[PDB]
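Residue numbers (PDB author numbering), protein chains in the order written: chain G, 23 to 126; chain C, 23 to 126; chain B, 22 to 101; chain F, 22 to 101; chain D, 55 to 147; chain H, 55 to 147; chain E, 38 to 133; chain A, 38 to 133. Cβ atoms here follow ideal geometry from the backbone N, Cα and C, with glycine treated the same way. First comes the structure, then the notes that go with it.
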DNA sequence: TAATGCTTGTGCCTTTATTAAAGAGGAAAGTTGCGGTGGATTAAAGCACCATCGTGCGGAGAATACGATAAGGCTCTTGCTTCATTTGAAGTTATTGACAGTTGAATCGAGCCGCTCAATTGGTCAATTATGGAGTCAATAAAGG
DNA sequence: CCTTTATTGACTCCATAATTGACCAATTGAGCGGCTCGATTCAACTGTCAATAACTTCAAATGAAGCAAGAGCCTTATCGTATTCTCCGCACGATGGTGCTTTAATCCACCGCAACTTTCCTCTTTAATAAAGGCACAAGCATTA
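Here you go:
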């Protein structure tokens, strides 16, 4: 028995995502490669966000990712900020910015 | 054979709305009164919008409702304007408003 | 419960403005900011309570608040 | 096709501003208004074309434009 | 292919409200699109409500809660009153 | 009752990207919520695409079009490239 | 000769164009613009005429709403002349 | 005596509170406010603690974003002091 | 510039608690086989979108005279900031009790599924009436005196 | 206020096209029966939320005093506006051509269903080290001279 994630070369649960897609009743039938495609996309997005968050944590001289680092990674990236513009991160704070007029 | 719409005292197609609800696969099963509630709500909303639009048409000395009258009815009502705030009416124009600063 | 809107003190509003990048604050802001805040809560809590009323429950859960926020384009992570 | 953005003439932008309640218009508005407009179209047409590409069609229908607009919170009645 | 619209029923409703006022074809299409959009909104909200509570069926209660969530204020109150009236009339018959 | 979360797989992904960096519980919950939200967005867009084209099944093409609609720009390009690679790897085996 | 003061014919045009429901952009230049923009996403695209009409109406509605917001921003700064900075502020607050 | 000129400690507070991630509103007064507001929708309601925490974080995020928009509006009118009209304009452009 | 208060950044001890590691089980994923329903292929009608041509006329482009609006400078006066003192209310800890959410079972109600069919609704064609095009007049308002 | 002039709305006559009415079929809603599931009620367990009390000490309230920022006023110069002439390409009408969209038949292929296995992922328990708390401390900055 070779798991579908190992067959597709992924770390994400292709089988669990298949179960979630079937349970959600998004369509009458589900294609063979739709869960594989979804798992690949989710894995890529998680990898991107975690790469940016780990870089932010390293820049702060910390070895652990906290919600602040996730928010910094999200807000400092153009495309992730576009994707998650209307999203509030708990315990994330805000991006440090002060208008030029307010400076002395 | 007594039609379900007549049984519920409605003008809207309870049966067609039942078929639309079943075709959309919004849930595995559909209750008996859910299409009736659907038809009643849709009928009430249509009646409200048509009342306001007909009043607008009468105020303009017209005997026919055009998209302009629909837009006037929608934008002159608080509840309908809130419900359809992010909606564009084709051939509807805008509500006539000029800021008091611009007047002489 | 009454007058609890005054529990949102002037220093709290000033701190929220500082986190928002505000340098100087007018005197009448603290009143306006209160009313605005109240409106926001009334838009969310209502929806939340609606969910609580549908599940035949008497206790408002974090799921109800999260769904009520998502209904208004204010998705909130960390409480899911 | 080139330079077609210049086909959105200054009188057309002026009429659109008049419908918006604008009494006086700066000289450089007509340029900015063009660029803004372009961005808007690029956000819609793209999405529309995407739908046209999924249905394996080569002709963009009014349904594609309506769906692309609804995807962005710009629901449009009258073409459904 | 026969295209299915509400243009019949809406007209009926109009003749109940304004007997002497007609409606144009463009306004007819706009009203049909409005009815379709509201139907889709309420149905999707009912589906979300059923999914959140692990319920397989959509009842009139799901529709009522969806109406409360979607329609604002007095609109929601009057719509709930109309739907309850219709369901009571349908059941009593 | 056992609760389904991605907290396992996300951690694996982290150990593939930053082997020496851990993640907190709050950050893990935020990441899990992010994955769930993106999953729901993509699945709903795929359902809408299938319904618009009168197609009863969701294939990898529907998922690809949903990814193009939902993710912006280079994010969508790279996600499509990874999904196509994964589907090819899955089919070839 | 009879000369109207500045801002009078402007107010008359505001009243005239807020009452009409017609399209304000010429159809053929807008059609050419839409085809130009779409040619960068997929070559050899055909456009159904109602698709271009829907695009034009959506774009005109967007621009009219943006100009209402721009006028509000201009009046905020104690002005009557809308400026590019007003459009920029309106689009920034709108989330664009 | 040593006194800072006005706007210096304000800038320091801006830098300090933009770096922290803590909640800025006191928890108990906000809990009382939420209970007060909910008592008008359904009497005898119980609140799970995490529900009130989620409400507080959402409200604080909303107010911080609103204050950013208000600061932009204040800068637009050649000012540094935010005024109620700035909040009103920001909420108007935002669609509220 | 420069001396000096001053707040914030930096280095180290402590602990702790928040995350890393491990186990039993049980819930869920992989496998196998069948068969039917859905996707892919091909051909054809017809229709619908692109390109052409003509024209003629209303709208766009450019120049002109100009007034009035935006921008800069000045002044002032009041409204908001910074700081110090007093207090009073939020925060934390430990405890109680009772309400309400969750899980488990029976069961009676209710909605899915098949098939018939007939009653309602949509495509197609004729038509009249509300509305537009155009001309003319009466009321309204703006601009100079 | 007055008087002249430009603009717009009402009023009517004629065209016109656009909505209303009527008919044939088509297709789908209503009915009826059988059956399995689900949601309603009941009950117990159990999680946790509201309330209590106490103490503390840190943040909120209030006032003084100071200063600098917003607002009003004045001046200017330049730049958007109203008007006119001219020009030019948009739009409407008619027509050809073709390609591409929809429909229907056909075949194959692939995915749902059902049951068995087996394995991996999730509560529960234990550990350990990254980081906050606290103390000491250096330094970049602001402030007045």
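Closer than 8 Å to chain F by CB, residue i
i             : result
residue 119/H : yes
residue 113/C : yes
residue 113/E : no
residue 119/C : yes
residue 108/C : yes
residue 126/C : no
residue 56/D  : no
residue 89/C  : yes
Under the three-state DSSP convention, the category residue i falls into
i             : result
residue 67/G  : helix
residue 61/F  : helix
residue 54/A  : helix
residue 144/D : helix
residue 46/G  : coil
residue 73/B  : helix
residue 34/C  : coil
residue 22/B  : coil
residue 28/F  : helix
residue 124/C : coil
residue 45/F  : strand
residue 112/H : strand
residue 76/H  : strand
residue 34/B  : helix
residue 87/C  : strand
residue 61/A  : coil
residue 40/G  : helix
residue 125/D : coil
residue 80/F  : strand
Where the beta strand (DSSP E) through residue i begins and ends
i             : result
residue 111/G : 109 to 111
Cβ of residue i within 8 Å of any chain C Cβ
i             : result
residue 49/F  : no
residue 96/F  : yes
residue 94/E  : yes
residue 40/F  : yes
residue 113/D : yes
Within-8 Å CB hit, residue i to chain E
i            : result
residue 82/C : no
residue 74/A : no
residue 77/F : no
Alpha helix (DSSP H) segment containing residue i, residue limits
i             : result
residue 98/F  : Careful: residue 98/F lies outside any alpha helix (DSSP H), inside the beta strand (DSSP E) at 96 to 98.
residue 95/A  : 86 to 113
residue 67/A  : 64 to 75
residue 99/D  : 79 to 106
residue 63/D  : 61 to 71
residue 88/F  : 83 to 91
residue 103/C : 100 to 105
Proximity test, Cβ basis, 8 Å: residue i and chain B
i             : result
residue 118/A : yes
residue 57/G  : no
residue 126/A : no
Test: residue i CB closer than 8 Å to a CB of chain G
i            : result
residue 35/B : no
Within-8 Å CB hit, residue i to chain A
i             : result
residue 130/E : yes
8 Å Cβ cutoff, residue i in contact with chain H
i            : result
residue 73/F : no
Does the region 56 to 72 of chain C come close enough to the region 28 to 47 of chain C to have 3 or more Cβ pairs within less than 8 Å?
yes
Is it the case that the region 98 to 116 of chain E contacts the region 107 to 119 of chain A, given that we only count it when at least three CB pairs across the two stretches are under 8 Å?
yes
Would you call the region 77 to 87 of chain B and the region 80 to 99 of chain G touching, i.e. three or more CB-CB distances under 8 Å?
no
Is it a yes or a no for the region 46 to 56 of chain B touching the region 118 to 125 of chain A, going by three-plus beta-carbon pairs under 8 Å?
yes
Is the region 74 to 91 of chain A touching the region 49 to 69 of chain B in the sense that three or more CB pairs, one from each, lie closer than 8 Å?
yes
The region 67 to 79 of chain D in contact with the region 97 to 116 of chain D per 3-pair CB rule at 8 Å
no
Determine contact between the region 107 to 124 of chain D and the region 49 to 57 of chain C, defined as no fewer than three beta-carbon pairs at a distance below 8 Å.
yes
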